[PDB]
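Enquirer: If you scroll down you'll find the structure; I have some questions about it.
Residue numbers (the authors' numbering), protein chains in the order written: chain A, 0, 25 to 256; chain A', 0, 25 to 256. A prime marks a further copy of an entry chain.
Below, the structure written as C-alpha cells:
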C-alpha cells in the first residue's frame, strides 16, 4: 500500500469504507491495520503514515510510543460520538438509561485499560456516573460492575458469553456496526459522554499520506460514511 | 505506625488531618505515604493496609499492581469533587469557564498519564470539552494545550514557571489546599466533571486497619475535614 494507517479496532469499519471510496476515485492504495496496539506496534514503527485514535487520552498514549515520527501536539480531532449502553437483544430488563444500571441484579461490563492497555473507554463510566453528583449512586453502579475489560474483544466476549451481563458501556459506532450482538440504549442527556476519532500525520509525510489525511479529515464523503455509525462533527 | 495508607499526592492533605483526628481519640498510629506511585510502590508491597485513590481509573490501575492483597472489586467510593480551572492570581485574562479556554492566546496545562503514569486527571479535559458537542471546539481547546503533564508536580511546575500558561485543569481540592499558587474558576454546569476519592482495604485486614477504614469512610468527622477542600458525598 501507498498509505498505511494504524489504530485501535472499532473505527476501522468506516475508515476502511473511506479508504475504499478514496481508492475508487484515484490510483493510490490505502491499508488500514487495526486492533489492540500490541498487535501492530512494531509494524507501525516500520511504515506508519498516520495513527488513528478512538479517544484523546488513548491516542496520546499510543502516539507517545512513536514520538520520533508522530507528535502529540499534532493529534487532530475529526469526529465525535456518544457512549451508549449495549443491552442484550430485546432489552429483557427494560433498561432506559444509566439510572437503571443502579438497580439490584444488573451486571455491567466497562472498559478500563488498567494501566496496561491503551483503550479508548477508560474513565467513561466514572465520568458519566459522576455527573449524578451522588457517591451512593457511584457505589451502586460500581458494585454492579462484573468486568473491567482492557480492550474491545475482551469486553465483547464477556458480554456475549455472560448470562448475568446485562450491559456493556461502549460506543455508539460499535453498536451500529454490530447490530446482531445487542441493542443500544442511550445515556441520559445529563450523563452522556462524547469522545473523538482523531488522527496524527507523520513528520515529513509523503504526498500520498497528505492526500489521504486531507480526504479523511475534511471531505463530506468521509463525513457521510462516519455519520452512518453515529459519528458527527 | 499501626496502619499504613498509600496513594497519590493531593488527597493526603485532608487524609492526614483525618489520621490526626483519629490519633487524638484513640491509641493507634496511622501513616499516610503519598506521591506518584513509583515513589512508594515497593514500600506498599511490604506493609500497605489500604490504598487510596484520586479517581476510579487511576485507583484500578494502581490496585492491579497489588492484586495479591487488594481486589479491584473492593475499591470503595467515599467522596467526590469537581474539576476546576486554576488561573494565575488575579485572573488577568478574565477566564469565566471552559468556553474562555477556546480563545486565541490561551495556554493550558492538562494532566494525562500517557500510558506511563497512573494519574487521576487522565481524560478529564476531553470529557468536559466533549460535552460541548462540537469538534471545532475540541480542536480549539486542544490547540491551546501547551503541556500534557503525567502527574501533579510536573503540571504545577509548568503552571508556575510558564508565563504563557493561563490555566491548569485540575481538582478543586488542590486549589483549596494551595491558594497562594493560583485562583479557581468553576467549569460550567453543562461541562463539569466529577471524580472520586476511594479506598481499598487489604485482604485479611488487621483490626486497626478496619477501624481506620470505618472512621474514614463513614464518620461525619472525616466528612467535615474533606468537605473543607470541596469534597462531598
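In this text, a Cβ means the ideal position worked out from N, Cα and C, and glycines have one as well.
Could you name each continuous beta strand (DSSP E) segment of 3 residues or more that falls completely within the stretch 103-165 of chain A, going from the start of the chain to the end?
Expert: Listed in chain order, they are 131-134.
Enquirer: Within a Cβ cutoff of 7 Å, which residues of the same chain sit near residue 33 of chain A', ignoring the five residues on either side of it in sequence?
Expert: Cβ neighbours of residue 33 of chain A' beyond the five flanking positions: 77, 175, 194, 196, 197.
Enquirer: Could you compute how far the alpha carbon of residue 184 of chain A sits from the alpha carbon of residue 70 of chain A'?
Expert: Each residue's Cα considered, the two are about 38 Å apart.
Enquirer: Based on the DSSP output, what are the partners of residue 207 of chain A' in its beta bridges?
Expert: A':109, per the DSSP bridge assignment.
Enquirer: With a threshold of 8 Å, are at least 3 pairs of Cβ atoms found where one atom belongs to the stretch 52-72 of chain A and the other to the stretch 48-61 of chain A'?
Expert: Touching, no, given that fewer than three Cβ pairs across the two stretches are closer than 8 Å.
Enquirer: If you draw a straight line from the alpha carbon of residue 180 of chain A to that of residue 204 of chain A', how long is it in whole angstroms?
Expert: One C-alpha to the other measures close to 48 Å.
Enquirer: Please confirm if the stretch 207-225 of chain A' is in contact with the stretch 94-104 of chain A', defined as three or more CB-CB distances below 8 Å between the two stretches.
Expert: The answer is yes - the stretch 94-104 of chain A' touches the stretch 207-225 of chain A', with three or more Cβ pairs under 8 Å.
Enquirer: How many whole angstroms separate the CB atoms of residue 141 of chain A' and residue 192 of chain A', which I take to be in contact at a CB cut-off of 8 Å?
Expert: In fact, because the Cβ distance is near 18 Å, the residues do not count as touching under 8 Å.
Enquirer: Taking Cβ positions only, does residue 37 of chain A' come closer than 8 Å to chain A?
Expert: By this cut-off, residue 37 of chain A' is not an interface position.
Enquirer: Measuring CB to CB, does residue 130 of chain A end up less than 8 Å from residue 39 of chain A?
Expert: The answer is no: Cβ separation not under 8 Å.
Enquirer: Looking at chain A, is there any beta carbon in it that lies within less than 8 Å of the beta carbon of residue 174 of chain A'?
Expert: No, because no Cβ of chain A sits closer than 8 Å to the Cβ of residue 174 of chain A'.
Enquirer: Taking the straight line between their C-alpha atoms, what separation do you get for residue 263 of chain A' and residue 245 of chain A?
Expert: With chain A' represented from 0 up to 256, any question about residue 263 of chain A' goes unanswered, as that position is not in the structure.
Enquirer: Using a C-beta to C-beta distance shorter than 7 Å, which residues of chain A count as neighbours of residue 141 of chain A'?
Expert: Ordered by position in chain A, the residues that pass the 7 Å Cβ test against residue 141 of chain A' are 138.
Enquirer: Determine which residues share a DSSP beta bridge with residue 172 of chain A and list them.
Expert: A:134, per the DSSP bridge assignment.
Enquirer: Going along the chain, which residues of the stretch 100-124 of chain A sit with their C-beta nearer than 8 Å to a C-beta in chain A'?
Expert: If the cut-off is 8 Å between Cβ atoms, the stretch 100-124 of chain A has 100, 101, 102, 103 near chain A'.
Enquirer: For residue 129 of chain A', decide whether its Cβ has a neighbour in chain A, counting only Cβ atoms nearer than 8 Å.
Expert: Output row for residue 129 of chain A': interface = no.
Enquirer: Please name the residue in A:147, A:240, A:89, A:30 whose C-alpha comes closest to that of residue 58 of chain A.
Expert: If we check each option's Cα against that of residue 58 of chain A, A:30 comes out closest.
Enquirer: Have a look at A:106, A:111, A:168 and flag the residue whose alpha-carbon is nearest the alpha-carbon of residue 147 of chain A.
Expert: The shortest Cα separation from residue 147 of chain A among A:106, A:111, A:168 belongs to A:106.
Enquirer: Is DSSP giving residue 219 of chain A helix, strand or coil here?
Expert: Reduced to three states, the DSSP call for residue 219 of chain A is strand.
Enquirer: On a CA-only basis, which of A':152, A':87, A':177 is nearest residue 167 of chain A'? Give me that one, please.
Expert: Selected option, being the one with the closest Cα: A':152.
Enquirer: Beta-carbon of residue 76 of chain A versus every beta-carbon of chain A': anything under 8 Å?
Expert: No, residue 76 of chain A does not count as interfacial toward chain A'.
Enquirer: Using DSSP bridges, identify the partner residues of residue 54 of chain A'.
Expert: In DSSP, residue 54 of chain A' forms a bridge with A':27.
Enquirer: Alpha carbon to alpha carbon, what distance is there between residue 96 of chain A' and residue 163 of chain A?
Expert: Each residue's alpha carbon lies about 12 Å from the other.
Enquirer: What's the call for residue 137 of chain A', buried or exposed, on a 16-neighbour Cβ count within 10 Å?
Expert: Its Cβ being crowded by 16 or more others within 10 Å, residue 137 of chain A' is buried.
Enquirer: Going by the CB atoms, is the gap between residue 37 of chain A and residue 233 of chain A shorter than 8 Å?
Expert: No, these two residues do not count as a Cβ contact at 8 Å.
Enquirer: At 8 Å on the CB atoms, spell out the chain A contacts of residue 153 of chain A', in chain order.
Expert: Going along chain A in sequence order, the residues near residue 153 of chain A' (Cβ under 8 Å) are 103, 216, 217, 218, 219.
Enquirer: Sort out for me which residues DSSP pairs residue 100 of chain A' with in a bridge.
Expert: According to DSSP, which records beta bridges pairwise, residue 100 of chain A' is partnered with A':221.
Enquirer: Does the distance from the C-beta atom of residue 125 of chain A' to that of residue 190 of chain A' stay below 8 Å?
Expert: No; because the gap between Cβ atoms is not below 8 Å, this pair is not in contact.
Enquirer: State yes or no: is the beta carbon of residue 150 of chain A' nearer than 8 Å to at least one beta carbon in chain A?
Expert: True, the Cβ-Cβ gap to chain A drops below 8 Å.
Enquirer: What first and last residue would you give for the alpha helix (DSSP H) that runs through residue 63 of chain A'?
Expert: Start and end: 60-70.
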